[PDB]
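Below is work_18.csv, holding CSV, C-alpha atoms and all ligand atoms.
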```
chain,number,residue,atom,x,y,z
A,21,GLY,CA,-42.8,166.0,-108.8
A,22,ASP,CA,-41.6,165.5,-105.2
A,23,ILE,CA,-43.7,167.1,-102.4
A,24,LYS,CA,-42.0,169.0,-99.5
A,25,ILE,CA,-43.9,168.1,-96.3
A,26,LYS,CA,-45.0,170.9,-94.1
A,27,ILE,CA,-43.4,170.9,-90.7
A,28,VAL,CA,-45.8,172.6,-88.2
A,29,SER,CA,-43.9,172.3,-84.9
A,30,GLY,CA,-40.8,170.9,-83.3
A,31,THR,CA,-38.7,170.6,-80.2
A,32,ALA,CA,-35.1,170.8,-79.3
A,33,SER,CA,-33.5,169.6,-76.1
A,34,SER,CA,-31.0,172.4,-76.3
A,35,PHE,CA,-31.3,175.8,-77.9
A,36,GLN,CA,-30.0,179.3,-77.7
A,37,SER,CA,-32.7,181.9,-77.3
A,38,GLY,CA,-33.6,183.3,-80.7
A,39,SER,CA,-32.4,180.2,-82.5
A,40,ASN,CA,-35.0,177.6,-81.4
A,41,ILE,CA,-36.0,174.7,-83.6
A,42,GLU,CA,-38.6,176.6,-85.7
A,43,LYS,CA,-35.7,178.6,-87.3
A,44,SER,CA,-34.9,175.3,-89.1
A,45,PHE,CA,-38.3,175.2,-90.8
A,46,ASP,CA,-38.8,178.8,-91.8
A,47,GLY,CA,-37.8,178.3,-95.4
A,48,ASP,CA,-34.7,180.5,-94.9
A,49,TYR,CA,-31.3,179.0,-95.4
A,50,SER,CA,-29.6,181.9,-93.6
A,51,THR,CA,-31.6,181.5,-90.3
A,52,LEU,CA,-30.4,178.8,-87.9
A,53,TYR,CA,-31.6,176.6,-85.2
A,54,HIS,CA,-28.7,176.5,-82.8
A,55,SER,CA,-28.1,174.6,-79.6
A,56,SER,CA,-27.3,176.5,-76.4
A,57,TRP,CA,-24.1,178.5,-76.5
A,58,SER,CA,-23.2,177.1,-73.0
A,59,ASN,CA,-21.6,174.0,-74.3
A,60,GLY,CA,-19.4,173.1,-71.3
A,61,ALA,CA,-21.5,170.4,-69.5
A,62,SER,CA,-20.4,166.8,-69.7
A,63,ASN,CA,-24.0,165.8,-70.6
A,64,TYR,CA,-24.4,168.6,-73.2
A,65,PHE,CA,-24.6,166.0,-76.0
A,66,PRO,CA,-26.6,164.2,-77.2
A,67,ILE,CA,-29.0,166.9,-78.5
A,68,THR,CA,-32.4,165.7,-79.5
A,69,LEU,CA,-34.4,167.5,-82.2
A,70,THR,CA,-38.0,166.6,-83.2
A,71,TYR,CA,-39.9,167.7,-86.2
A,72,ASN,CA,-43.7,167.3,-86.4
A,73,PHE,CA,-46.1,167.2,-89.3
A,74,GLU,CA,-49.8,168.1,-89.1
A,75,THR,CA,-50.9,164.5,-89.7
A,76,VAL,CA,-49.2,161.1,-90.5
A,77,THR,CA,-47.6,161.6,-93.9
A,78,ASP,CA,-45.7,159.5,-96.4
A,79,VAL,CA,-42.0,160.4,-96.5
A,80,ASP,CA,-39.3,159.1,-98.8
A,81,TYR,CA,-36.2,161.2,-98.0
A,82,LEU,CA,-34.9,164.1,-96.0
A,83,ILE,CA,-32.3,166.8,-96.5
A,84,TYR,CA,-30.3,168.3,-93.6
A,85,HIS,CA,-29.0,171.8,-94.5
A,86,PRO,CA,-26.1,172.9,-92.2
A,87,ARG,CA,-25.0,176.4,-91.8
A,88,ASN,CA,-22.7,177.5,-94.7
A,89,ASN,CA,-21.0,180.3,-92.7
A,90,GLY,CA,-19.2,179.4,-89.5
A,91,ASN,CA,-18.3,176.0,-88.2
A,92,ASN,CA,-20.4,175.8,-85.0
A,93,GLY,CA,-22.9,172.9,-85.0
A,94,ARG,CA,-22.6,171.1,-88.4
A,95,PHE,CA,-24.0,167.7,-87.6
A,96,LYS,CA,-21.6,164.8,-87.2
A,97,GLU,CA,-22.9,161.4,-85.8
A,98,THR,CA,-26.7,161.2,-85.6
A,99,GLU,CA,-29.4,158.6,-85.0
A,100,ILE,CA,-32.5,159.3,-87.1
A,101,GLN,CA,-35.8,158.0,-85.8
A,102,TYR,CA,-39.5,158.4,-86.8
A,103,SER,CA,-42.8,158.2,-85.1
A,104,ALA,CA,-46.1,157.2,-86.5
A,105,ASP,CA,-48.1,158.9,-83.7
A,106,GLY,CA,-45.7,161.6,-82.4
A,107,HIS,CA,-45.1,159.9,-79.1
A,108,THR,CA,-43.3,156.5,-79.7
A,109,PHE,CA,-40.2,156.6,-81.8
A,110,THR,CA,-38.5,153.9,-83.9
A,111,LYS,CA,-34.8,153.9,-85.0
A,112,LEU,CA,-34.4,154.3,-88.7
A,113,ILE,CA,-30.6,154.7,-89.3
A,114,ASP,CA,-27.4,155.9,-87.8
A,115,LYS,CA,-26.2,158.7,-90.2
A,116,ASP,CA,-22.9,160.5,-90.0
A,117,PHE,CA,-23.2,163.9,-91.5
A,118,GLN,CA,-19.5,164.3,-91.1
A,119,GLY,CA,-19.5,167.9,-90.0
A,120,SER,CA,-20.0,168.7,-93.7
A,121,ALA,CA,-20.7,172.3,-94.7
A,122,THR,CA,-23.1,171.1,-97.5
A,123,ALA,CA,-26.5,169.6,-97.5
A,124,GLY,CA,-26.8,165.9,-96.6
A,125,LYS,CA,-29.6,163.8,-98.0
A,126,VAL,CA,-30.9,160.6,-96.5
A,127,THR,CA,-33.0,158.4,-98.8
A,128,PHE,CA,-35.2,155.6,-97.4
A,129,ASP,CA,-35.6,152.3,-99.2
A,130,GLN,CA,-39.2,152.0,-98.0
A,131,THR,CA,-41.7,154.9,-97.7
A,132,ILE,CA,-42.2,155.9,-94.0
A,133,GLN,CA,-45.6,156.9,-92.7
A,134,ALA,CA,-44.6,159.4,-90.0
A,135,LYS,CA,-46.2,162.1,-87.9
A,136,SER,CA,-42.7,163.1,-86.6
A,137,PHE,CA,-39.0,162.6,-87.3
A,138,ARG,CA,-36.3,162.8,-84.6
A,139,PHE,CA,-32.6,163.4,-84.7
A,140,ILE,CA,-30.4,162.3,-81.8
A,141,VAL,CA,-27.3,164.4,-82.5
A,142,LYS,CA,-24.4,162.6,-80.7
A,143,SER,CA,-21.7,165.0,-82.0
A,144,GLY,CA,-21.4,168.3,-84.0
A,145,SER,CA,-18.7,170.6,-85.1
A,146,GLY,CA,-17.3,173.7,-83.5
A,147,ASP,CA,-15.7,175.4,-80.6
A,148,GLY,CA,-15.0,173.2,-77.5
A,149,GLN,CA,-16.9,169.9,-77.6
A,150,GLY,CA,-19.0,171.3,-80.5
A,151,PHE,CA,-22.7,172.3,-81.0
A,152,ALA,CA,-25.7,171.4,-83.1
A,153,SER,CA,-27.1,173.8,-85.6
A,154,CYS,CA,-29.3,173.6,-88.7
A,155,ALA,CA,-30.2,176.1,-91.4
A,156,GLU,CA,-33.2,174.1,-92.6
A,157,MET,CA,-34.4,170.5,-92.2
A,158,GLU,CA,-36.6,169.2,-95.1
A,159,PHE,CA,-38.7,166.1,-95.7
A,160,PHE,CA,-40.0,164.9,-99.0
A,161,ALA,CA,-42.4,162.4,-100.6
A,162,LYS,CA,-42.0,161.1,-104.1
A,201,LIG,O1,-20.6,180.5,-79.3
A,201,LIG,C1,-21.4,180.0,-80.3
A,201,LIG,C2,-21.7,181.0,-81.3
A,201,LIG,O2,-20.5,181.4,-81.9
A,201,LIG,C3,-20.6,182.5,-82.7
A,201,LIG,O3,-19.3,182.8,-83.2
A,201,LIG,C4,-21.5,182.2,-83.9
A,201,LIG,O4,-21.7,183.4,-84.7
A,201,LIG,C5,-22.8,181.7,-83.5
A,201,LIG,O5,-23.5,181.1,-84.6
A,201,LIG,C6,-22.6,180.5,-82.5
A,201,LIG,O6,-22.1,179.4,-83.0
A,202,CA,CA,-33.8,178.6,-91.4
```
Taking this structure as input, can you express it in the form of structure tokens?
Ligand SMILES: OC[C@H]1O[C@@H](O)[C@H](O)[C@@H](O)[C@H]1O
Ligand SMILES: [Ca+2]
Amino acid sequence: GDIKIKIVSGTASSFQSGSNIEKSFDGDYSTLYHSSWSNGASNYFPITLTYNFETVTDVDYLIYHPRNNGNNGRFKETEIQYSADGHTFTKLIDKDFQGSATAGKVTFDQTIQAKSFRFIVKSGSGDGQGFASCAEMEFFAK
């Protein structure tokens, strides 16, 4: 009986053309958001991803779906934040997705009323210093 919240827009501080953030909320687990392939800068990380709902919405957990094919951009250390208004963000948790190739769920112990969620990706798997990529990001209310 859980409701999947509709993501209507988003932003990414780094993306490769054709793999911008909306590719992580198109309902397709094969299509990826992916950070820029030019990953040589010293200040390439962190990479900040923001997901926006239409209105402030109750949220009880989220699921990050990494790419299942290829090792570029599976999230490692992240800071997860939320915003009640879409502008001001509050830290929720530091979550290590561990470069896992499988979905990672984060469950809150209090419902969050959020207009937006934000991921500050401090590290991610892959070639060189790594990347950030996401097949789908999903938010749910019980
Ligand atoms: O250079 C980065 C790119 O590397 C490719 O091998 C891969 O197919 C892309 O998804 C992207 O990760
Ligand atoms: Ca997708």
Problem set entry | For CA of residue 153 in chain A and CA of residue 90 in chain A, the interatomic separation in Å (one decimal) | 10.4 Å
Problem set entry | Residues within 12 Å of ligand CA 202 (chain A), counting only C-alpha atoms and all ligand atoms, as a ChimeraX atom specification | /A:38-54,84-88,153-158
For this session: Skip residue 59 in chain A itself and residues of its chain fewer than 3 positions away, then list as a PyMOL selection string all residues within 9 Å of it, counting only C-alpha atoms.
Result: chain A and resi 55-56+62+64-65+147-151
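Computed from the coordinates, the CA of residue 32 in chain A to CA of residue 80 in chain A distance equals 23.1 Å.
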For this session: For ligand LIG 201 (chain A), collect every residue having any atom at a distance of at most 7 Å from a ligand atom (counting all atoms listed in the file); output as number ranges by chain.
Result: A: 57, 90, 92-93
Just C-alpha atoms for this one: save the residues we selected as a PDB file, in the coordinates of the input.
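What landed in again_29.pdb:
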```
ATOM      1  CA  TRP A  57     -24.100 178.500 -76.500  1.00  0.00           C
ATOM      2  CA  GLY A  90     -19.200 179.400 -89.500  1.00  0.00           C
ATOM      3  CA  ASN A  92     -20.400 175.800 -85.000  1.00  0.00           C
ATOM      4  CA  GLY A  93     -22.900 172.900 -85.000  1.00  0.00           C
TER       5      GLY A  93
END
```
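Nearest to residue 141 in chain A of all the residues A:159, A:128, A:95, A:102 is A:95, based on all atoms listed in the file.
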Exercise. By how many Å are CA of residue 31 in chain A and CA of residue 139 in chain A apart?
Worked result: 10.5 Å
Problem set entry | residue 111 in chain A surroundings by only C-alpha atoms, 12 Å radius, close-in-sequence under 3 positions cut, as a ChimeraX atom specification | /A:98-104,108,114-115,132,137-140
I need the residues from that last selection saved to file as a PDB file, in the coordinates of the input (with C-alpha atoms), if you can.
```
ATOM      1  CA  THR A  98     -26.700 161.200 -85.600  1.00  0.00           C
ATOM      2  CA  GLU A  99     -29.400 158.600 -85.000  1.00  0.00           C
ATOM      3  CA  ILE A 100     -32.500 159.300 -87.100  1.00  0.00           C
ATOM      4  CA  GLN A 101     -35.800 158.000 -85.800  1.00  0.00           C
ATOM      5  CA  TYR A 102     -39.500 158.400 -86.800  1.00  0.00           C
ATOM      6  CA  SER A 103     -42.800 158.200 -85.100  1.00  0.00           C
ATOM      7  CA  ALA A 104     -46.100 157.200 -86.500  1.00  0.00           C
ATOM      8  CA  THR A 108     -43.300 156.500 -79.700  1.00  0.00           C
ATOM      9  CA  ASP A 114     -27.400 155.900 -87.800  1.00  0.00           C
ATOM     10  CA  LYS A 115     -26.200 158.700 -90.200  1.00  0.00           C
ATOM     11  CA  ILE A 132     -42.200 155.900 -94.000  1.00  0.00           C
ATOM     12  CA  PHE A 137     -39.000 162.600 -87.300  1.00  0.00           C
ATOM     13  CA  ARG A 138     -36.300 162.800 -84.600  1.00  0.00           C
ATOM     14  CA  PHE A 139     -32.600 163.400 -84.700  1.00  0.00           C
ATOM     15  CA  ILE A 140     -30.400 162.300 -81.800  1.00  0.00           C
TER      16      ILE A 140
END
```
Problem set entry | Nearby residues (all atoms listed in the file) at most 10 Å from residue 75 in chain A, same-chain spacing under 6 positions excluded, as a PyMOL selection string | chain A and resi 26-28+104-106+133-136
For this session: Identify which of the residues A:89, A:146, A:78, A:116 lies closest to residue 130 in chain A, counting all atoms listed in the file when measuring atom-to-atom distances.
Result: A:78
Seminar exercise, completed: Residue with the minimum atom-to-atom distance to residue 81 in chain A, picked from A:127, A:58, A:120, A:29 with all atoms listed in the file counted, is A:127
For this session: List the neighbours of residue 162 in chain A out to 7 Å using all atoms listed in the file; skip same-chain residues closer than 3 positions along the sequence, and give me the result as a PyMOL selection string.
Result: chain A and resi 21-23+80
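Each of A:113, A:161, A:69, A:126 was checked against residue 82 in chain A using all atoms listed in the file; the smallest atom-to-atom distance is that of A:126.
Considering all atoms listed in the file, the residue among A:96, A:76, A:152, A:33 positioned nearest to residue 124 in chain A is A:96.
Nearest-residue note for residue 117 in chain A: choosing from A:160, A:145, A:37, A:74, the minimum distance belongs to A:145, counting all atoms listed in the file.
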